[PDB]
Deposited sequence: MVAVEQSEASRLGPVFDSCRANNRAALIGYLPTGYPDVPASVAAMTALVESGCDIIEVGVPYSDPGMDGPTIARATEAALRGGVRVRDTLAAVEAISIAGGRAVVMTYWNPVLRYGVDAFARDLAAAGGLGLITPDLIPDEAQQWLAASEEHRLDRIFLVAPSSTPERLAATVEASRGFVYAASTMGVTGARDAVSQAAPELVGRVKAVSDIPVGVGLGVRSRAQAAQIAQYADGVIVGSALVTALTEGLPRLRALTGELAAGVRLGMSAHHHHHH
């Protein structure tokens, strides 16, 4: 009847605010510490958690995330560690989606990964290198195991492809990138009432507030990894600052 993340965005939209969406990669700095960090995010007030699956050739990841995922892989991180992370988040009372490049999902098995993601309490999948054009197996797996499918749109997206991507998405649309972010969010609002998340290299409280004025979600990742590298207390402090940002 409705998406898995829909009640989270309605609860935010009822409290007159945007959702804070927090990315961390599994296994950085090691697997136990990363899970303890993801639990800390739930406590520090993240509405949704993006659990990153480290990939050997992460085409779209920036330098902070790329080096962290490289380090997680050196440390022996495995795809199953991500599903353990989703379970620990869900028991703690948080809401988790998985962000992954597509080959790890193919290798695991698209149906099997959906099945096991859903059994861990996972709510959906963010797919940076999977366009709807190739998503037939994922569409079927998503419908059967009741998982949201968050595709990405871009400033460069043609009108036709923007429409097709928004139509194929359930839960929210990850609008990735001067006035480009609000213009892209505007073009999604013109064809659909689906929530839009915005990832813009957010570092601070003021930046999260600006984004909350037009986006239903603020996505933070790079800054969270930078914070965890200095320390786990530094992550709590930053996450609390960003929690206040989205309520403005």
Quiz item: Missing C-alpha stretches, by deposited numbering?
Solution: 1-7, 185-195, 267-276
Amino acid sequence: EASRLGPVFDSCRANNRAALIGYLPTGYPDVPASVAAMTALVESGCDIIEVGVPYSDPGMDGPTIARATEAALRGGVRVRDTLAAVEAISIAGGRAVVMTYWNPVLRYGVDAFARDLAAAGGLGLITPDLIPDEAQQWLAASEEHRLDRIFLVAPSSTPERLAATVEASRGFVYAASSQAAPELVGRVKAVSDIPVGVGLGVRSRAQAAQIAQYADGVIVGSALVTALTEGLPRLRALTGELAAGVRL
From here on, numbers count along this sequence of modelled residues.
Practice problem: Could you check which stretch, 19-27 or 232-240, carries the larger mean CA temperature factor in the entry? | Solution: 232-240
Practice problem: Look over 39-47 and 58-66 in the entry and identify the one with the greater average Cα temperature factor. | Solution: 39-47
Quiz item: For the listed residues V220, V53, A33, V191, which one has the largest C-alpha B-factor as given in the deposited model?
Solution: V191
Practice problem: Pull the Cα B-factor of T100 out of the PDB entry and bin it into the chain's lowest, middle or highest third. | Solution: lowest
Quiz prompt | Chain-relative CA temperature factor third for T127 | solution = lowest
Quiz item: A71: which third of its chain by C-alpha temperature factor?
Solution: lowest
Quiz prompt | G109 - Cα temperature factor, lowest/middle/highest third of chain | solution = lowest
Quiz item: In terms of the CA temperature factor given in the entry, to which third of its chain does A92 belong: lowest, middle or highest?
Solution: highest
